[PDB]
Amino acid sequence: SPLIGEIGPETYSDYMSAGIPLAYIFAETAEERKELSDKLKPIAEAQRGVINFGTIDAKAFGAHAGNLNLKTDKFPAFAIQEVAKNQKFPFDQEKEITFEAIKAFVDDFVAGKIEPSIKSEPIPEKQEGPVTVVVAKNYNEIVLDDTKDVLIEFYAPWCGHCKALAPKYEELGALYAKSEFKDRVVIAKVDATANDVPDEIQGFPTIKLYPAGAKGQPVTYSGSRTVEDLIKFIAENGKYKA
């Protein structure tokens, strides 16, 4: 077979089972797949036996990008999968894919210089709006902040009751941002479909209170989902009985 093969249904399990890492090159047309194949060939050459490289059809399989912690719908892209440890190593998708760039990345991977990825939207540069936006990369900082009573909503964009709940959650945040409790209570949400989080979720929405000092016994709301019942909830279960 060709040095840089063709990652798809027939070849995948062979790729997985080979027991070495796999490097995906994502692209929407055959024409671009080739360009890049050739562009990267000398690196694949170097890494024989140590890393498999392959081309993947981003039209037919773009969805698989998310499995590598690459953004859906931003091609062409590149990422390396450590099969054994089940670790993902995406290559920034805003950066251009060039021999010199990839080679550095790869060398750094092989060097064990890169930290394994995580599903996260990027940390927002500003936290404006009354509801704090949690993404995977600040869940700890914000949700597990031991000094704050944290209310967190776990949502899915595509869920109906979540969108129904949205305005009232917004209202509940604006209310606490304007109260005497502003410094110690947090009203936050996270898109659980876009971010890896700790909590095991079963349906959307889900609301939990992580109280200050008891971030091991978070509390699952199962009330009416009205602004006042959720205030009652934070007061009744929060350290600061707000």
# chains A, B, ... in the order shown; residues from 1 in each chain; ligands from 1
>>> residues_around(residues="residue 231 of chain A", least_positions_apart="3", cutoff="10 Å", atoms="only C-alpha atoms", output="list in words")
residues 172, 175, 176, 226, 227, 228, 234, 235, 236, 237, 241 and 242 of chain A
>>> residues_around(residues="residue 38 of chain A", least_positions_apart="6", cutoff="10 Å", atoms="only C-alpha atoms", output="short mmCIF file (atom, residue, chain, number, x, y, z; two decimals) with N, CA and C atoms, in the first residue's frame")
data_model
loop_
_atom_site.label_atom_id
_atom_site.label_comp_id
_atom_site.auth_asym_id
_atom_site.auth_seq_id
_atom_site.Cartn_x
_atom_site.Cartn_y
_atom_site.Cartn_z
N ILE A 4 1.30 7.09 2.63
CA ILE A 4 0.17 7.79 3.21
C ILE A 4 -1.13 7.23 2.65
N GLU A 32 -7.10 18.42 -2.82
CA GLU A 32 -6.38 18.96 -1.67
C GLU A 32 -5.74 17.88 -0.79
N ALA A 44 6.17 11.64 6.94
CA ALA A 44 5.63 10.31 7.06
C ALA A 44 6.75 9.31 6.85
N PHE A 99 4.70 21.96 5.36
CA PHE A 99 5.72 21.00 5.72
C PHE A 99 6.40 21.44 7.00
#
>>> residues_around(residues="segment 153-161 of chain A", least_positions_apart="6", cutoff="6 Å", atoms="only C-alpha atoms", output="ChimeraX atom specification")
/A:189-193,204-207
>>> closest_residue(among="A:167, A:2, A:116, A:66", to="residue 53 of chain A", atoms="only C-alpha atoms")
A:2
>>> closest_residue(among="A:55, A:117, A:220, A:35", to="residue 202 of chain A", atoms="only C-alpha atoms")
A:220
>>> closest_residue(among="A:72, A:37, A:138, A:132", to="residue 151 of chain A", atoms="only C-alpha atoms")
A:132
>>> select_by_dssp(residues="segment 21-235 of chain A", states="alpha helix (DSSP H)", output="compact mmCIF listing (two decimals) with N, CA, C and O atoms, in the first residue's frame")
# COMPACT_ATOMS: atom_id res chain seq x y z
N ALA A 30 -10.54 15.59 -3.18
CA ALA A 30 -9.42 14.72 -3.52
C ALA A 30 -8.16 15.51 -3.89
O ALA A 30 -7.01 15.08 -3.66
N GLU A 31 -8.38 16.68 -4.45
CA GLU A 31 -7.30 17.44 -5.00
C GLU A 31 -6.45 17.94 -3.87
O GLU A 31 -5.24 17.84 -3.92
N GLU A 32 -7.10 18.42 -2.82
CA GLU A 32 -6.38 18.96 -1.67
C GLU A 32 -5.74 17.88 -0.79
O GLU A 32 -4.71 18.12 -0.11
N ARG A 33 -6.39 16.73 -0.73
CA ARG A 33 -5.89 15.62 0.02
C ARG A 33 -4.51 15.28 -0.54
O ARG A 33 -3.54 15.18 0.22
N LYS A 34 -4.42 15.16 -1.86
CA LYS A 34 -3.15 14.82 -2.54
C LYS A 34 -2.04 15.85 -2.28
O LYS A 34 -0.93 15.52 -1.90
N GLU A 35 -2.36 17.11 -2.49
CA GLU A 35 -1.42 18.18 -2.28
C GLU A 35 -0.80 18.02 -0.95
O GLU A 35 0.40 18.03 -0.80
N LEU A 36 -1.66 17.91 0.04
CA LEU A 36 -1.17 17.81 1.39
C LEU A 36 -0.40 16.51 1.60
O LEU A 36 0.56 16.50 2.39
N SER A 37 -0.83 15.43 0.93
CA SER A 37 -0.19 14.13 1.09
C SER A 37 1.23 14.28 0.72
O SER A 37 2.14 13.96 1.51
N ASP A 38 1.42 14.79 -0.49
CA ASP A 38 2.75 15.05 -1.01
C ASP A 38 3.49 16.08 -0.14
O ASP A 38 4.62 15.85 0.24
N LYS A 39 2.83 17.17 0.22
CA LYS A 39 3.45 18.13 1.12
C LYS A 39 4.05 17.50 2.39
O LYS A 39 5.09 17.97 2.87
N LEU A 40 3.42 16.45 2.91
CA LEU A 40 3.80 15.89 4.21
C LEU A 40 4.60 14.60 4.12
O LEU A 40 5.14 14.12 5.13
N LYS A 41 4.71 14.09 2.90
CA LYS A 41 5.34 12.81 2.66
C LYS A 41 6.69 12.57 3.36
O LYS A 41 6.88 11.54 4.00
N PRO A 42 7.64 13.50 3.25
CA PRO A 42 8.93 13.31 3.92
C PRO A 42 8.85 13.13 5.44
O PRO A 42 9.81 12.61 6.05
N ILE A 43 7.76 13.60 6.05
CA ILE A 43 7.61 13.47 7.49
C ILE A 43 7.08 12.10 7.79
O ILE A 43 7.45 11.46 8.76
N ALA A 44 6.17 11.64 6.94
CA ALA A 44 5.63 10.31 7.06
C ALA A 44 6.75 9.31 6.85
O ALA A 44 6.85 8.34 7.59
N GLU A 45 7.56 9.56 5.83
CA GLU A 45 8.76 8.80 5.54
C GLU A 45 9.61 8.60 6.80
O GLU A 45 9.96 7.49 7.18
N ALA A 46 9.94 9.71 7.44
CA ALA A 46 10.77 9.71 8.63
C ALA A 46 10.18 8.85 9.74
O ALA A 46 10.89 8.22 10.51
N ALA A 58 -13.03 14.72 4.41
CA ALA A 58 -13.73 15.60 5.35
C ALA A 58 -15.20 15.86 4.96
O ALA A 58 -16.07 16.20 5.81
N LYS A 59 -15.49 15.68 3.67
CA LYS A 59 -16.86 15.72 3.18
C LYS A 59 -17.61 14.52 3.79
O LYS A 59 -18.44 14.69 4.67
N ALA A 60 -17.23 13.31 3.40
CA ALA A 60 -17.87 12.08 3.90
C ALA A 60 -17.70 11.78 5.41
O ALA A 60 -18.56 11.15 6.01
N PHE A 61 -16.62 12.25 6.01
CA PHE A 61 -16.32 11.96 7.43
C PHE A 61 -15.92 13.14 8.31
O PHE A 61 -15.18 12.96 9.27
N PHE A 99 4.70 21.96 5.36
CA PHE A 99 5.72 21.00 5.72
C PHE A 99 6.40 21.44 7.00
O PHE A 99 6.51 20.66 7.94
N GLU A 100 6.84 22.68 7.05
CA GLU A 100 7.70 23.11 8.14
C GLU A 100 6.92 23.08 9.48
O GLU A 100 7.44 22.64 10.52
N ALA A 101 5.65 23.49 9.44
CA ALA A 101 4.79 23.57 10.65
C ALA A 101 4.47 22.21 11.26
O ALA A 101 4.63 21.99 12.47
N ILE A 102 3.98 21.32 10.39
CA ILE A 102 3.63 19.96 10.76
C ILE A 102 4.86 19.27 11.29
O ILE A 102 4.82 18.69 12.36
N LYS A 103 5.97 19.36 10.57
CA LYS A 103 7.15 18.65 11.02
C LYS A 103 7.51 19.06 12.46
O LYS A 103 7.87 18.22 13.28
N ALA A 104 7.39 20.33 12.76
CA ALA A 104 7.75 20.77 14.09
C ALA A 104 6.82 20.13 15.11
O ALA A 104 7.28 19.61 16.15
N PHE A 105 5.52 20.20 14.79
CA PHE A 105 4.43 19.64 15.63
C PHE A 105 4.74 18.18 15.97
O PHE A 105 4.78 17.79 17.15
N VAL A 106 5.01 17.42 14.91
CA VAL A 106 5.20 15.98 14.97
C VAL A 106 6.38 15.66 15.82
O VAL A 106 6.30 14.83 16.74
N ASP A 107 7.49 16.34 15.53
CA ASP A 107 8.70 16.17 16.32
C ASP A 107 8.38 16.42 17.77
O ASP A 107 8.81 15.66 18.64
N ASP A 108 7.58 17.45 18.03
CA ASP A 108 7.21 17.75 19.40
C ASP A 108 6.32 16.68 20.02
O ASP A 108 6.41 16.39 21.24
N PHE A 109 5.46 16.08 19.20
CA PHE A 109 4.66 14.96 19.67
C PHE A 109 5.54 13.81 20.03
O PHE A 109 5.49 13.32 21.15
N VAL A 110 6.33 13.37 19.06
CA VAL A 110 7.25 12.27 19.29
C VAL A 110 8.12 12.55 20.52
O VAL A 110 8.44 11.64 21.30
N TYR A 139 -13.73 25.20 33.91
CA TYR A 139 -14.71 24.55 34.77
C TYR A 139 -14.16 24.51 36.17
O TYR A 139 -14.83 24.90 37.12
N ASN A 140 -12.92 24.07 36.29
CA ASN A 140 -12.31 23.97 37.60
C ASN A 140 -12.28 25.31 38.30
O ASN A 140 -12.73 25.46 39.45
N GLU A 141 -11.78 26.29 37.58
CA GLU A 141 -11.56 27.58 38.17
C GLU A 141 -12.84 28.17 38.68
O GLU A 141 -12.86 28.77 39.75
N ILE A 142 -13.90 28.02 37.90
CA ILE A 142 -15.14 28.67 38.22
C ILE A 142 -16.08 27.81 39.01
O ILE A 142 -16.70 28.28 39.97
N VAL A 143 -16.25 26.57 38.60
CA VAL A 143 -17.22 25.70 39.25
C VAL A 143 -16.66 25.23 40.59
O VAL A 143 -17.39 25.20 41.58
N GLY A 160 -34.87 21.45 23.61
CA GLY A 160 -36.00 22.38 23.63
C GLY A 160 -36.29 23.05 24.95
O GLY A 160 -36.45 24.27 25.00
N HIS A 161 -36.36 22.27 26.02
CA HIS A 161 -36.68 22.80 27.36
C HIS A 161 -35.56 23.71 27.84
O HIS A 161 -35.81 24.66 28.56
N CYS A 162 -34.33 23.43 27.41
CA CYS A 162 -33.15 24.26 27.70
C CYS A 162 -33.29 25.66 27.12
O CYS A 162 -32.97 26.64 27.79
N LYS A 163 -33.73 25.75 25.86
CA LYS A 163 -33.99 27.04 25.20
C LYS A 163 -35.20 27.76 25.84
O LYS A 163 -35.19 28.99 26.02
N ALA A 164 -36.22 26.98 26.21
CA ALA A 164 -37.36 27.47 26.99
C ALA A 164 -36.90 28.08 28.32
O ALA A 164 -37.35 29.16 28.70
N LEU A 165 -36.00 27.37 29.01
CA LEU A 165 -35.47 27.82 30.29
C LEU A 165 -34.53 29.04 30.18
O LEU A 165 -34.33 29.77 31.13
N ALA A 166 -33.98 29.26 28.99
CA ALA A 166 -32.90 30.24 28.80
C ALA A 166 -33.16 31.62 29.38
O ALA A 166 -32.31 32.15 30.10
N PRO A 167 -34.31 32.22 29.04
CA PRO A 167 -34.55 33.62 29.45
C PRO A 167 -34.63 33.76 30.97
O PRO A 167 -34.12 34.73 31.53
N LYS A 168 -35.27 32.79 31.62
CA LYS A 168 -35.41 32.81 33.06
C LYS A 168 -34.08 32.54 33.76
O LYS A 168 -33.88 33.03 34.88
N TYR A 169 -33.20 31.75 33.16
CA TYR A 169 -31.87 31.52 33.75
C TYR A 169 -31.11 32.85 33.64
O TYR A 169 -30.36 33.22 34.55
N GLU A 170 -31.31 33.54 32.52
CA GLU A 170 -30.68 34.84 32.26
C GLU A 170 -31.11 35.85 33.34
O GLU A 170 -30.31 36.61 33.92
N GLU A 171 -32.41 35.83 33.58
CA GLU A 171 -33.07 36.64 34.60
C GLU A 171 -32.49 36.35 35.99
O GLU A 171 -32.16 37.27 36.72
N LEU A 172 -32.35 35.07 36.34
CA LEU A 172 -31.78 34.64 37.63
C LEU A 172 -30.34 35.10 37.84
O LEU A 172 -29.91 35.34 38.97
N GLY A 173 -29.59 35.20 36.75
CA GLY A 173 -28.21 35.68 36.80
C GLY A 173 -28.15 37.18 36.98
O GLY A 173 -27.40 37.68 37.83
N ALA A 174 -28.94 37.91 36.18
CA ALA A 174 -29.01 39.36 36.30
C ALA A 174 -29.40 39.81 37.73
O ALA A 174 -28.90 40.82 38.24
N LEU A 175 -30.30 39.05 38.34
CA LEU A 175 -30.79 39.30 39.70
C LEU A 175 -29.70 39.17 40.77
O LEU A 175 -29.61 39.99 41.68
N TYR A 176 -28.88 38.13 40.67
CA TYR A 176 -27.78 37.93 41.62
C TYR A 176 -26.57 38.82 41.35
O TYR A 176 -25.81 39.15 42.28
N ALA A 177 -26.36 39.17 40.08
CA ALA A 177 -25.31 40.13 39.72
C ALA A 177 -25.60 41.51 40.32
O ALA A 177 -24.68 42.26 40.63
N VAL A 227 -37.91 31.03 38.39
CA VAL A 227 -36.84 31.89 38.93
C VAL A 227 -36.79 31.90 40.46
O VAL A 227 -35.72 31.91 41.06
N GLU A 228 -37.96 31.94 41.09
CA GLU A 228 -38.07 31.94 42.55
C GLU A 228 -37.70 30.59 43.21
O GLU A 228 -37.17 30.58 44.34
N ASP A 229 -38.01 29.47 42.55
CA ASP A 229 -37.72 28.16 43.14
C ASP A 229 -36.20 27.94 43.10
O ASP A 229 -35.64 27.26 43.96
N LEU A 230 -35.56 28.51 42.09
CA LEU A 230 -34.14 28.38 41.94
C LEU A 230 -33.40 29.31 42.89
O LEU A 230 -32.27 29.01 43.27
N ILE A 231 -34.02 30.42 43.27
CA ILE A 231 -33.46 31.27 44.32
C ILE A 231 -33.57 30.53 45.65
O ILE A 231 -32.62 30.49 46.46
N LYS A 232 -34.76 29.96 45.87
CA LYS A 232 -35.06 29.18 47.07
C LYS A 232 -34.03 28.06 47.20
O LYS A 232 -33.54 27.79 48.29
N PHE A 233 -33.69 27.44 46.07
CA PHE A 233 -32.73 26.34 45.97
C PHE A 233 -31.33 26.79 46.38
O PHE A 233 -30.63 26.06 47.10
N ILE A 234 -30.93 27.96 45.90
CA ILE A 234 -29.56 28.42 46.17
C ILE A 234 -29.39 28.80 47.62
O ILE A 234 -28.36 28.49 48.26
N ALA A 235 -30.41 29.51 48.12
CA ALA A 235 -30.50 29.91 49.53
C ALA A 235 -30.51 28.67 50.43
O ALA A 235 -29.67 28.54 51.32
>>> atom_distance(atom1="atom CA of residue 70 of chain A", atom2="atom CA of residue 1 of chain A")
27.4 Å
>>> atom_distance(atom1="atom CA of residue 211 of chain A", atom2="atom CA of residue 239 of chain A")
5.8 Å
>>> closest_residue(among="A:145, A:185, A:194, A:95", to="residue 131 of chain A", atoms="only C-alpha atoms")
A:185
>>> residues_around(residues="residue 18 of chain A", least_positions_apart="6", cutoff="12 Å", atoms="only C-alpha atoms", output="PDB file with N, CA, C and O atoms, in the first residue's frame")
ATOM      1  N   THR A  11     -10.121   0.640   6.290  1.00  0.00           N
ATOM      2  CA  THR A  11      -8.759   0.744   6.798  1.00  0.00           C
ATOM      3  C   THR A  11      -8.662   1.068   8.288  1.00  0.00           C
ATOM      4  O   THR A  11      -7.704   0.680   8.933  1.00  0.00           O
ATOM      5  N   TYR A  12      -9.669   1.722   8.847  1.00  0.00           N
ATOM      6  CA  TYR A  12      -9.622   2.180  10.251  1.00  0.00           C
ATOM      7  C   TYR A  12      -9.171   1.165  11.293  1.00  0.00           C
ATOM      8  O   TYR A  12      -8.227   1.420  12.037  1.00  0.00           O
ATOM      9  N   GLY A  49       7.013   3.216  10.967  1.00  0.00           N
ATOM     10  CA  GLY A  49       7.041   2.343  12.106  1.00  0.00           C
ATOM     11  C   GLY A  49       6.693   3.044  13.386  1.00  0.00           C
ATOM     12  O   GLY A  49       6.325   2.388  14.343  1.00  0.00           O
ATOM     13  N   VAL A  50       6.776   4.361  13.421  1.00  0.00           N
ATOM     14  CA  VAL A  50       6.541   5.073  14.672  1.00  0.00           C
ATOM     15  C   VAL A  50       5.201   5.822  14.663  1.00  0.00           C
ATOM     16  O   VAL A  50       4.481   5.813  15.679  1.00  0.00           O
ATOM     17  N   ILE A  51       4.865   6.401  13.502  1.00  0.00           N
ATOM     18  CA  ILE A  51       3.568   7.027  13.249  1.00  0.00           C
ATOM     19  C   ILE A  51       3.002   6.768  11.856  1.00  0.00           C
ATOM     20  O   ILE A  51       3.633   7.049  10.852  1.00  0.00           O
ATOM     21  N   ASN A  52       1.778   6.280  11.814  1.00  0.00           N
ATOM     22  CA  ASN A  52       1.049   6.189  10.578  1.00  0.00           C
ATOM     23  C   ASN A  52       0.401   7.498  10.252  1.00  0.00           C
ATOM     24  O   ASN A  52      -0.156   8.165  11.107  1.00  0.00           O
ATOM     25  N   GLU A  82      -3.214   9.137  19.660  1.00  0.00           N
ATOM     26  CA  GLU A  82      -2.504   8.099  20.395  1.00  0.00           C
ATOM     27  C   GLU A  82      -3.546   7.065  20.789  1.00  0.00           C
ATOM     28  O   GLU A  82      -4.360   7.292  21.690  1.00  0.00           O
ATOM     29  N   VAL A  83      -3.526   5.932  20.089  1.00  0.00           N
ATOM     30  CA  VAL A  83      -4.578   4.917  20.197  1.00  0.00           C
ATOM     31  C   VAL A  83      -4.615   4.230  21.543  1.00  0.00           C
ATOM     32  O   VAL A  83      -5.640   4.251  22.213  1.00  0.00           O
ATOM     33  N   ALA A  84      -3.483   3.625  21.905  1.00  0.00           N
ATOM     34  CA  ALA A  84      -3.265   2.995  23.214  1.00  0.00           C
ATOM     35  C   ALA A  84      -3.836   3.817  24.390  1.00  0.00           C
ATOM     36  O   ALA A  84      -4.780   3.401  25.062  1.00  0.00           O
TER      37      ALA A  84
END
